[PDB]
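Notes follow the structure.
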RNA sequence: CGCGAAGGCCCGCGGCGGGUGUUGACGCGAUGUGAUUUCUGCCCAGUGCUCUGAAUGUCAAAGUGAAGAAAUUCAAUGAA
RNA sequence: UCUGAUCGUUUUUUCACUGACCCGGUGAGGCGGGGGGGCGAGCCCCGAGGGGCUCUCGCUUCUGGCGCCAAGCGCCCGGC
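Residue numbers (this note's numbering), protein chains in the order written: chain A, 4 to 122; chain B, 161 to 404; chain C, 12 to 244; chain D, 9 to 76.
Given below as structure tokens:
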């Protein structure tokens, strides 16, 4: 039925269409400004990060401020052709997001360390 | 000068009502077909205390006759009403306490409470803690009725507007001396927050033209017109008389 | 019907406190979109207020059976349209060079649409029929045209709808139309109309002027009037 | 043409087409704003005498101010 | 002492605005005195407040008449 | 001297209508007319067969239970 059974009148829903523009609003997709070579700035080497790299089987990196833990995993995995188990990312007082990359048991955190240049 | 206390009691501020904890309004129910020509039957589920009122309400539970659910109201509870009672509501519901029926179909002399003003406003007159409006004499032509409100003024009320029978429970409240400054405090904290009054004669002559002086004396004739501007109009307003 | 084993009737009781009321039409009670309660009561005001004769003369309209006769005649004399004015324009221009024929010729009789065109051919006493849409949007556009038609001696008739007068032509709506000339075969058919049109509109024009509408109180309000007057009766 | 007849009519004010019509104006400025679009002028001549024509791109709003 | 809600007291530059009011005279609002006990005397002239009002003394916009050529002059009528 | 009260105007007083305007209720849920039908009541005639009239009902009050998303009937049409 749906002619008159309730005492209220509501808006009768109509049809809707989606945009089919006769030109793209902007010219071309804007390439990323945040890729592998920008989200892993450089490895860190201090007296803390050296205990971390030789004992806990992890690395240490410094990472752009806007970067998930899901994003840091992909970068290091694709950069050095490595594996990552888990990542921990504090943000230092200066404002740089320090990242602790726990390394997969199948790999040797020293042998990866020599490759990336840090002693 | 500055505005006297009682001249910023309308600004809508600190002098609001304290209505955080109040259980709900107090209205009978909207007039519909089932109430106009027949009578609908409801239970008194639980009687509760509504803070800031010496007339405890009552959660009556009805049945919607054109859909399927349970509807609840907050009637002002008449006296004698107890939980698990079948309260009726309408035009053909017989006389008995706590059972609304429209003045006009109730005999001359029947005591009502929570009487409506005009048909459909769901209860306005004679609903304090233990007051009652009396019906006097119908007039089956022009469809009017005369009620004797609690003050004493006889009103020519329109008929066909409803009123729950019996006095309002909670009566005889003002017979215990409060006896304490604090016990009056706790009473006025639960309502609009305006308790401790300070006489005009005490405040310096800015507030209350009464004030000032060197003997704490009014100085001005107390009785005031009602054409007087808003700000002098203090004391015995528009006094038709005075003295004991 | 042979007896069924255990099929039950099981009726229902309807009323105050009994089983729940059914779902039936509330056509009179539904809170309408409030844009129509404007357009709805406007139908009621023009029944209540004393509508003056200059306006109320627009209710009394040409009958149906007479209307189809006229609309038949107008169907013969509609104006040219796009896409065939165009093709004749293609036929017109492309024949100019050859020398046998050329662009323009004589114009056979056609209607005339706008009130600003009709009148300008009415006070010159050139209009035979005058048809007025009975419901023009500002009714001030034709509130003066009847009294003009009578003073000039012109048969005029009022049809229902400005939209179908917009179909005798090819636009959304057309306030007015007027026959200025016809061909000799249909001239019999025209006089059959004006001999009955002007007996009801032009001839009794003085009857129309002394007429006033409105005051038709509501059925709830008028049934009470009858009942109480019956009581005195 | 009709415009002269229209012009000579609105000079003779004190009508009811003006009273039948305030109610149309006074209500629906609440169903919509006190500023809404009319689809076409309710005064054809006066709009035209003031510069309005009937072509595309022209709009006509009705606006209600309070006296005093 | 005011007030039965087209209400009392009040806010507000303004609206079918807002507070008391999710309230209704055993209530809201305005005062004065200051537990209980025992009493609360005389004055309505003065100053206020309120109550009613035809035969109405005064009484302003409109409004009505009279004279003038008109601006105007005059008169009656007259709410709080 | 009152010679209709007709179509016409206005000073008018009192009452009535509602359409302007205002208030209140609602999930804007059965408002005003007219009959179908009667457990019944009555008013009246009347061949006991019935005929005319007035009242009523969406027809429920010992129980802190349940109550919607149609049964039944009537008319079509399709698959196999």
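Quick reminder that beta carbons are idealized off the backbone N, C-alpha and C, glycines included.
- Along the segment 140-158 of chain C, going in chain order, the ones with a CB nearer than 9 Å to a CB of chain D are 148, 149, 150, 151, 152, 153, 154, 155, 156.
- Taking all protein chains in view, the Cβ of residue 241 of chain C is surrounded by fewer than 16 other Cβ atoms within 10 Å, so the residue is classified as exposed.
- For residue 53 of chain D, the enclosing alpha helix (DSSP H) starts and ends at 52-57.
- When the beta-carbon positions are compared, residue 68 of chain A and residue 75 of chain A stay at least 7 Å from each other.
- Annotation note: the segment 183-209 of chain C contains the following uninterrupted beta strand (DSSP E) runs of length 3 or greater, listed N- to C-terminal: 187-190.
- Within the DSSP secondary-structure output, residue 49 of chain D pairs in no beta bridge.
- The Cβ atoms of residue 46 of chain D and residue 70 of chain D sit closer than 7 Å to each other.
- The beta carbon of residue 45 of chain C sits closer than 7 Å to some beta carbon of chain D.
- By the rule that beta-carbons nearer than 7 Å mark a contact, residue 239 of chain C does not touch chain D.
- The criterion of a C-beta distance shorter than 7 Å is satisfied by residue 201 of chain B and residue 28 of chain C.
- For residue 67 of chain C, the uninterrupted alpha helix (DSSP H) run begins and ends at 64-67, by DSSP.
- By the rule that beta-carbons nearer than 7 Å mark a contact, residue 130 of chain C touches chain D.
- By the neighbour-count definition (other C-beta atoms within 10 Å, threshold 16), residue 100 of chain A is a buried residue.
- Taking 7 Å as the cut-off, the Cβ atoms of residue 127 of chain C and residue 10 of chain D count as close.
- Assigned with DSSP and collapsed to three states, residue 346 of chain B falls in helix.
- With respect to chain C, the C-beta atom of residue 8 of chain A has a partner C-beta closer than 7 Å.
- By the CB criterion at 7 Å, residue 72 of chain A and residue 92 of chain A fall inside the cutoff.
- Fewer than three pairs of CB atoms, one per stretch, sit closer than 8 Å, so the segment 358-370 of chain B makes no contact with the segment 271-280 of chain B.
- At a beta-carbon threshold of 9 Å, the residues of chain C lying near residue 11 of chain A are 41, 42, ordered along the chain.
- Proximity of chain C to residue 67 of chain D at the Cβ level (cut-off 9 Å) is not reached, the minimal Cβ distance being about 18 Å.
- By the 16-neighbour rule on beta-carbons within 10 angstroms, residue 396 of chain B is exposed.
- In this structure the segment 104-120 of chain A does not touch the segment 170-186 of chain B; the number of beta carbon pairs closer than 8 Å is below three.
- In the structure shown, residue 154 of chain C falls within a coil segment according to DSSP collapsed to helix, strand and coil.
- Per DSSP, the beta bridge partners of residue 249 of chain B are B/200, B/260.
- The C-alpha of residue 319 of chain B is placed about 17 Å away from the C-alpha of residue 292 of chain B.
- Bridge partners of residue 61 of chain A according to DSSP: A/105.
- The C-beta separation of residue 102 of chain A from residue 87 of chain A comes to about 10 Å, leaving the pair out of contact by the 8 Å criterion.
- Listed in chain order, the alpha helix (DSSP H) runs fully inside the segment 162-230 of chain B are 193-197, counting runs of at least 4 residues.
- At the C-beta level, residue 263 of chain B and residue 204 of chain B stay beyond 7 Å of one another.
- Within its own chain, the residues whose Cβ lies closer than 8 Å to the Cβ of residue 172 of chain C, once the five positions on either side in sequence are excluded, are 144, 145, 146, listed in chain order.
- Residue-level contact check: residue 13 of chain D touches chain C, since one or more beta carbons of chain C fall below 7 Å from its beta carbon.
- Separation of residue 216 of chain C and residue 163 of chain C (C-alpha to C-alpha, rounded to the nearest whole angstrom) is 13 Å.
- A Cβ-Cβ separation of about 5 Å places residue 207 of chain B in contact with residue 218 of chain B under the 8 Å criterion.
- Shown here, residue 84 of chain C sits in a helix according to DSSP, grouped into three states.
- According to the DSSP secondary-structure assignment, residue 305 of chain B is paired through a beta bridge with B/298, B/317.
- Checking the DSSP bridge columns, you'll see residue 273 of chain B partnered with B/324.
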